[PDB]
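Peer 1: Protein chains in written order, with the authors' numbering: chain C, 27 to 225; chain A, 27 to 225; chain B, 27 to 225; chain D, 28 to 225.
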Amino acid sequence: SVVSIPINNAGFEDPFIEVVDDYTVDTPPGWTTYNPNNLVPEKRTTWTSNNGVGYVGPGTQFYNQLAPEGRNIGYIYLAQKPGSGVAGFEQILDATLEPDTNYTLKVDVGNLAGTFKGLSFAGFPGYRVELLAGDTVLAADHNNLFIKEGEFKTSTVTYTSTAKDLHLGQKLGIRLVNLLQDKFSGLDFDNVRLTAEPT
Amino acid sequence: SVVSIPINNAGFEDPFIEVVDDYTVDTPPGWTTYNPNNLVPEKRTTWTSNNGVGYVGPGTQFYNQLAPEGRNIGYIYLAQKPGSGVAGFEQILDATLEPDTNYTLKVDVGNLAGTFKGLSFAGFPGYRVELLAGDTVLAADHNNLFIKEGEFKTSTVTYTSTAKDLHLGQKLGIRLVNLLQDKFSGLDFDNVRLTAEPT
Amino acid sequence: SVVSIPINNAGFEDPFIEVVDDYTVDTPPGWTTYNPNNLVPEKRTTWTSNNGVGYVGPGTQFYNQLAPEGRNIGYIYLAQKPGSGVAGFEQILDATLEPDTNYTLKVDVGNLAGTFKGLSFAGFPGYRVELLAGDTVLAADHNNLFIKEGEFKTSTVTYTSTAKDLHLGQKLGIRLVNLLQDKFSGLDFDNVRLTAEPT
Amino acid sequence: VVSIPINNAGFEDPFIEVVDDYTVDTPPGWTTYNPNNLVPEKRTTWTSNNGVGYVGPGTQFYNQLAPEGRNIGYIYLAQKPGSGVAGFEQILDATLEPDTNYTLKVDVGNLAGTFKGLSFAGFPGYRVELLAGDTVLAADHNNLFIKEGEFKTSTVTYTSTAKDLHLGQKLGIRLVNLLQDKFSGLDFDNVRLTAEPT
Ligand SMILES: CN1CCC/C1=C1/C=Nc2ccccc21
Ligand SMILES: CN1CCC/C1=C1/C=Nc2ccccc21
Ligand SMILES: CN1CCC/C1=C1/C=Nc2ccccc21
Ligand SMILES: CN1CCC/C1=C1/C=Nc2ccccc21
Ligand SMILES: CN1CCC/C1=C1/C=Nc2ccccc21
Ligand SMILES: CN1CCC/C1=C1/C=Nc2ccccc21
Ligand SMILES: [Ca+2]
Ligand SMILES: [Ca+2]
Ligand SMILES: [Ca+2]
Ligand SMILES: [Ca+2]
Ligand SMILES: [Ca+2]
Ligand SMILES: [Ca+2]
Ligand SMILES: [Ca+2]
Ligand SMILES: [Ca+2]
Ligand SMILES: [Mg+2]
Numbered sequence: 027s028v029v030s031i032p033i034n035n036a037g038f039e040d041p042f043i044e045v046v047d048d049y050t051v052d053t054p055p056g057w058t059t060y061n062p063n064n065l066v067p068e069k070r071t072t073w074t075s076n077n078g079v080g081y082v083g084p085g086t087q088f089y090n091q092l093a094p095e096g097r098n099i100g101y102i103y104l105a106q107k108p109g110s111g112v113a114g115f116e117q118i119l120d121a122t123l124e125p126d127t128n129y130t131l132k133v134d135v136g137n138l139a140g141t142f143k144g145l146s147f148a149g150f151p152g153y154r155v156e157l158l159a160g161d162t163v164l165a166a167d168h169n170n171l172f173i174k175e176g177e178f179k180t181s182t183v184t185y186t187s188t189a190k191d192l193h194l195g196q197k198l199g200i201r202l203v204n205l206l207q208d209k210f211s212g213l214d215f216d217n218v219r220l221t222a223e224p225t
Numbered sequence: 027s028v029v030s031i032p033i034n035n036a037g038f039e040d041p042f043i044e045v046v047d048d049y050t051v052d053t054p055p056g057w058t059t060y061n062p063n064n065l066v067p068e069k070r071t072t073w074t075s076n077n078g079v080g081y082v083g084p085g086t087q088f089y090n091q092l093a094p095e096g097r098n099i100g101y102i103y104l105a106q107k108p109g110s111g112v113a114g115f116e117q118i119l120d121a122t123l124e125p126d127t128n129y130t131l132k133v134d135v136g137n138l139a140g141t142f143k144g145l146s147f148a149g150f151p152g153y154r155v156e157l158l159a160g161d162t163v164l165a166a167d168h169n170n171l172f173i174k175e176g177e178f179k180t181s182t183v184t185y186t187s188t189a190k191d192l193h194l195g196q197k198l199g200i201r202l203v204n205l206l207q208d209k210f211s212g213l214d215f216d217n218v219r220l221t222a223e224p225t
Numbered sequence: 027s028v029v030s031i032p033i034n035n036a037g038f039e040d041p042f043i044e045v046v047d048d049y050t051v052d053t054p055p056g057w058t059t060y061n062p063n064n065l066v067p068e069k070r071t072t073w074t075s076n077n078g079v080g081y082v083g084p085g086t087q088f089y090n091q092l093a094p095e096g097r098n099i100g101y102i103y104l105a106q107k108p109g110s111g112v113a114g115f116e117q118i119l120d121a122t123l124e125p126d127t128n129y130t131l132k133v134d135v136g137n138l139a140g141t142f143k144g145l146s147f148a149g150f151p152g153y154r155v156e157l158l159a160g161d162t163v164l165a166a167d168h169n170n171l172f173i174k175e176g177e178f179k180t181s182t183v184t185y186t187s188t189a190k191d192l193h194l195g196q197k198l199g200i201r202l203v204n205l206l207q208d209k210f211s212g213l214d215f216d217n218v219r220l221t222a223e224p225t
Numbered sequence: 028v029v030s031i032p033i034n035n036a037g038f039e040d041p042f043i044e045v046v047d048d049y050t051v052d053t054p055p056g057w058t059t060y061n062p063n064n065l066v067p068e069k070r071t072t073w074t075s076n077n078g079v080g081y082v083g084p085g086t087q088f089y090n091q092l093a094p095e096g097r098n099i100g101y102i103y104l105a106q107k108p109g110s111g112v113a114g115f116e117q118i119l120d121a122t123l124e125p126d127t128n129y130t131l132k133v134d135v136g137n138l139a140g141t142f143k144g145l146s147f148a149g150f151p152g153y154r155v156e157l158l159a160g161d162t163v164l165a166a167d168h169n170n171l172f173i174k175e176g177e178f179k180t181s182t183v184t185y186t187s188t189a190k191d192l193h194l195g196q197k198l199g200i201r202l203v204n205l206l207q208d209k210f211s212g213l214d215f216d217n218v219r220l221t222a223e224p225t
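#1: Comparing the C-beta of residue 64 (chain D) with each C-beta of chain B, is any distance below 8 Å?
#2: Quick one: which unbroken beta strand (DSSP E) runs of 3-plus residues sit fully inside the stretch 39-86 of chain A? Chain order, please.
#3: By how many angstroms is the C-alpha of residue 28 (chain D) removed from the C-alpha of residue 121 (chain D)?
#4: Taking the beta carbon of residue 189 (chain C) as the centre, do at least 16 other beta carbons fall within 10 Å, making it buried, or is it exposed?
#5: In three-state DSSP terms, what is residue 136 (chain A)?
#6: Going along the chain, which residues of the stretch 139-150 of chain A sit with their C-beta nearer than 7 Å to a C-beta in chain B?
#7: From residue 197 (chain B) to residue 216 (chain A), what does the alpha carbon distance come to, in whole angstroms?
#8: Relative to chain C, which residues along the stretch 107-124 of chain A have a C-beta separation below 7 Å, given in chain order?
#9: Regarding residue 82 (chain A) and ligand 3, is the C-beta to nearest heavy atom distance less than 7 Å?
#10: Thinking C-beta only, is residue 170 (chain D) closer than 8 Å to residue 184 (chain B)?
#11: Output needed for residue 93 (chain B): all residues of its chain with C-beta closer than 7 Å, excluding positions within five of it in sequence on either side, in chain order.
#12: So if I measure from each beta-carbon to every heavy atom of ligand 12 and keep distances below 6 Å, which residues remain?
#13: Round the Cβ separation of residue 283 (chain B) and residue 145 (chain A) to the nearest angstrom and send it over; I've been treating them as touching at under 8 Å.
#14: Starting from residue 166 (chain B), find everything on chain D with Cβ-Cβ shorter than 9 Å and list it in chain order.
#15: From residue 152 (chain B) to residue 162 (chain B), what distance separates their C-alpha atoms?
#16: Looking at the structure shown, is residue 117 (chain A) part of a helix, part of a strand, or coil, going by DSSP?
#17: Within a Cβ cutoff of 6 Å, which residues of the same chain sit near residue 56 (chain C), ignoring the five residues on either side of it in sequence?
#18: Does the beta-carbon distance from residue 127 (chain A) to residue 224 (chain A) come in below 8 Å?
#19: What residues of chain C sit near residue 162 (chain A), judged by a beta carbon separation below 8 Å?
#20: Which residues of the stretch 60-90 of chain A have a Cβ closer than 9 Å to any Cβ of chain B? Give them in chain order.
#21: Name, going along the chain, the residues of the stretch 126-140 of chain A whose beta-carbon falls closer than 8 Å to a beta-carbon of chain C.
#22: Sorry if obvious, but does the Cβ on residue 35 (chain A) come closer than 7 Å to a heavy atom of ligand 3?
#23: Suppose contacts are defined by Cβ-Cβ distances below 8 Å. Is residue 10 (chain B) in contact with residue 166 (chain D) by that definition?
#24: Spatial neighbours of residue 38 (chain D) within its chain, please: C-beta separation below 7 Å, excluding the five flanking residues on both sides.
#25: Determine the DSSP secondary structure at residue 178 (chain C), reduced to helix, strand or coil.
#26: Please list the terminal residues of the continuous beta strand (DSSP E) segment that includes residue 216 (chain C).
#27: Taking the Cβ atom as the reference point for each residue, do residue 91 (chain A) and residue 177 (chain A) lie within a distance shorter than 8 Å?
#28: With 8 Å set as the bound, which would you pick, yes or no: does the beta-carbon of residue 48 (chain A) sit closer than that to a beta-carbon of chain B?
#29: At the level of alpha carbons, what is the spacing between residue 103 (chain B) and residue 30 (chain B)?
#30: Can you tell me which residues form a DSSP beta bridge with residue 199 (chain B)?
#31: Going along chain B in order, which residues have a C-beta closer than 8 Å to the C-beta of residue 175 (chain A)?
#32: With a cut-off of 8 Å, does the C-beta of residue 228 (chain B) fall near any C-beta of chain D?
#33: DSSP three-state label for residue 193 (chain C), please.
#34: Evaluate residue 40 (chain C) with the Cβ neighbour count: other Cβ atoms within 10 Å of its Cβ, from every protein chain shown; 16 or more gives buried, anything less gives exposed.
#35: Could you pull the DSSP bridge partners for residue 126 (chain D) from this structure?
Below is the structure:
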């Protein structure tokens, strides 16, 4: 009855990282950088806004737990001051909106904890998880969960299509967004799952 | 330890409406028209985009139930084509954002049903319910409930403040939004409730 | 020697209306609702039989002309099925029927045109314009003029009193009647004029 | 311009031999329009009545001969003004057609003089109606001023449209005495109904 919709690099496991708490600063394969406010430069450093993957592995300093799934999470970090805009990840899927279907989008959202190289990761920028059809946002979870420092929680976004939806046949999309509402303005995501069930 | 946050005209019971299925075309008292795309004119007619209150009482042609609370609901109707923008209701409260507090916003959202002499009320434009602090959207439910033709369902939006939140001491706010993602592009709200509970 | 008999609100200009195609749903001031079949309720809505005044200004969707006189017209719309009865406007004048006098009553009658979101204004219910003395209809034009969609035409009713008329000294009166013989079952009136002239 | 057929349109049936003589029974081809039961089944000279009258050479009642042929059709109502209305009705075989301008004409007579001590001064008012089914499409309710001893031609106009509700219903004619005043007799003659494209 309930069907899994394929998503590329849904657990950010690509690329493989060898040393715990190491990370990349380039867009994860299979994802695009959602950049409506042009906060993330094409060429990144550890100083600029950036995104990529990080290995949340045995004895990680940043969390009270391992990655929700496999080795890695996907992160978005924004250097600009709170209120300067939003950015994150986007992926347009091969699947299209079908009529009389219940879509359930689940993503794990992480609030980084601790102190590293004299930098405090206390605080949280807010998140939004969006399900798209074309570039319409069908349904979204704008920051409803409370996520304690050093944990992940599962966001759930749901849409139900009717027989005559205007967006039928448009490609489904997912956006994972750093709201940059506060500092520390890094946000982690993991284990994106999307299911469809005929109504 | 749960506390009610007072909201003016929270069930749109002002003004009194005498005749079932009658309605106003002016901003309900205590509310303002959220109008970021200027879709709703200053001077409204029965022919234009409009908002107001509407009596969903015994014998309603619009619903398979009465108003969620009292006699009336607040409606926002947009005449423009899907994707023209959004509009709805906004109210800024006296209450301010306090630390270590779980805020819970609930609102009933209505999908109007039926026909009238060639007019069709089938379909639904999408909703979003927002909790604000100042100009910031702290949390929002963007269209996650599926709502059948001729029913209301309760949307719940939640935010939890920490001790160090950047928006502490700013005025809480509520926005009820017609997404205009499809037609028929009327949307109803009722029974707005906001509670605050120390963590 | 042609004298014009004063009629209150003869051109439906009270009340003043700001917005083109806006309208009241209350009997126009100076008039009463002629309601022999009780088709028009005391409290009217968008969904009921109604009457009132309507602003036909530059840009109106209803007519290929402006109002015959000033800004406004007086309208009567009947929701009930054709054959259900008649309704409209009546005004009893201060003037009385005098002997050996030619009476000329003129009124412009409007047939609405067009379409609104599935609603059609195509068709016309028939009109009757009546000159009264007391409760007696002295003369009436029952639907003799062909009125094209989106235009007004002038109806003229004539009565010549003799020295021995049964009704001498009775109060003159005017009735503007929606016949409800077909649909669309709204029609409009404007610019009511009554003159008296010694024979 | 098409002539729509009407039976006994001139009230020429029945033939009357003596000038100013008359019948007191419903003219052939017509029915008595009687919504208020003012006219009895059995009529005398004292009751409300209807019939035909020979307005021939030297007629006492008019300044002219019948508008058409020998006879007119009359309606007289004995009841007091305001008691109601009565007259003649005929349903035709022709039915309402769209995009058509219908013109109904009838001459309407205001009887004059004194006869056996009765004054015919005054006039009850008239209404000429065009019908489709039992709907009055159009009517002249007493718009003409008719002088004592004259006939004047009443004209009733209706224009049909493409989606008229009454398309295909039988056309009909009513000639009505309004009983608004006395003397409360009313005469008609020369009923003509034409049709032409819009
Ligand atoms: C030098 N900068 C800019 C601010 C944060 C950052 C990091 C460098 N390594 C990191 C590892 C984990 C989280 C943040 C950083
Ligand atoms: C916020 N930033 C900036 C650079 C890397 C980083 C991480 C966020 N979560 C992480 C988990 C594991 C390793 C690194 C990061
Ligand atoms: C969508 N619109 C436009 C005008 C009023 C209307 C209503 C919506 N809900 C209602 C409930 C009761 C009465 C009217 C309305
Ligand atoms: C048929 N109806 C019912 C409600 C209003 C209306 C109008 C008719 N002519 C009008 C001219 C101007 C404004 C409104 C109307
Ligand atoms: C005896 N009565 C009472 C009512 C009218 C009448 C007439 C008798 N012959 C008539 C000839 C012409 C007109 C009227 C009458
Ligand atoms: C008003 N009444 C009642 C009985 C006869 C009648 C006539 C009316 N016109 C007439 C013309 C010629 C002859 C008789 C009548
Ligand atoms: Ca992972
Ligand atoms: Ca943190
Ligand atoms: Ca309410
Ligand atoms: Ca609906
Ligand atoms: Ca006017
Ligand atoms: Ca029309
Ligand atoms: Ca004849
Ligand atoms: Ca006479
Ligand atoms: Mg309150």
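No residue lacks a Cβ here, since even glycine has one placed at the ideal position from N, Cα and C.
Peer 2: In short, the structure shows the following:
#1: Not one chain B Cβ lies under 8 Å of residue 64 (chain D).
#2: Runs found: 58-60 and 76-81.
#3: Computed Cα separation, rounded: 15 Å.
#4: Around the CB of residue 189 (chain C), fewer than 16 other CB atoms lie within 10 Å, so the residue is classed as exposed.
#5: Strand, per DSSP.
#6: Cβ proximity to chain B below 7 Å picks out 142, 143, 144, 145 and 146 from the stretch 139-150 of chain A.
#7: Cα-Cα distance, rounded: 53 Å.
#8: Listed by position, the residues of the stretch 107-124 of chain A near chain C (Cβ gap below 7 Å) are 108.
#9: True, at least one ligand heavy atom lies under 7 Å from that Cβ.
#10: Against a cut-off of 8 Å, the Cβ pair of residue 170 (chain D) and residue 184 (chain B) comes out as a contact.
#11: Excluding sequence positions up to five before and after residue 93 (chain B), its CB lies within less than 7 Å of the CB of 82, 99 and 216, all in the same chain and listed in chain order.
#12: In chain order, the qualifying residues are B:137, B:138, B:139, B:147, B:148, B:149, B:150, B:175 and B:210.
#13: No statement about residue 283 (chain B) is possible, as the shown extent of chain B runs from 27 to 225 and does not include it.
#14: Here the neighbours are 154, 166, 167, 168, 169 and 170.
#15: Each residue's alpha carbon lies about 21 Å from the other.
#16: The answer is strand: DSSP assigns residue 117 (chain A) an E or B state.
#17: Taking residue 56 (chain C) as the centre and dropping the five residues before and after it, the same chain places the C-beta of 34 and 35 closer than 6 Å to its C-beta, in chain order.
#18: For residue 127 (chain A) and residue 224 (chain A), yes; Cβs fall inside 8 Å.
#19: For the C-beta of residue 162 (chain A), the chain C residues within less than 8 Å are, from N- to C-terminus, 109 and 207.
#20: Within the stretch 60-90 of chain A, those residues whose Cβ lies closer than 9 Å to any Cβ of chain B are, in chain order, 67, 69, 70, 71, 72, 73, 74 and 87.
#21: The residues in question are 128.
#22: No, the Cβ of residue 35 (chain A) stays beyond 7 Å of every heavy atom of ligand 3.
#23: Limits of chain B in this structure are 27 at one end and 225 at the other, which puts residue 10 (chain B) out of reach.
#24: Once the five neighbours on either side are set aside, the close Cβ partners of residue 38 (chain D) are 54, 79, 98, 99, 100 and 216.
#25: Three-state DSSP puts residue 178 (chain C) in a strand.
#26: Per DSSP, residue 216 (chain C) is one residue of the beta strand (DSSP E) stretching across 212-224.
#27: Going by beta carbons, residue 91 (chain A) and residue 177 (chain A) fall inside the 8 Å limit.
#28: Yes, residue 48 (chain A) lies at the interface with chain B (some Cβ there is under 8 Å from its Cβ).
#29: Looking at the two C-alpha atoms, the distance is approximately 30 Å.
#30: B:118 and B:158, per the DSSP bridge assignment.
#31: By Cβ distance, chain B contributes nothing, its closest Cβ being about 17 Å from residue 175 (chain A), past 8 Å.
#32: An answer regarding residue 228 (chain B) cannot be provided, because it is not within the stretch 27 to 225 covered by chain B.
#33: Of the three classes helix, strand and coil, the one that applies to residue 193 (chain C) here is coil, per DSSP.
#34: With fewer than 16 other CB atoms across the displayed protein chains lying within 10 angstroms of its CB, residue 40 (chain C) is exposed.
#35: Its beta-bridge partners do not exist; DSSP assigns none.
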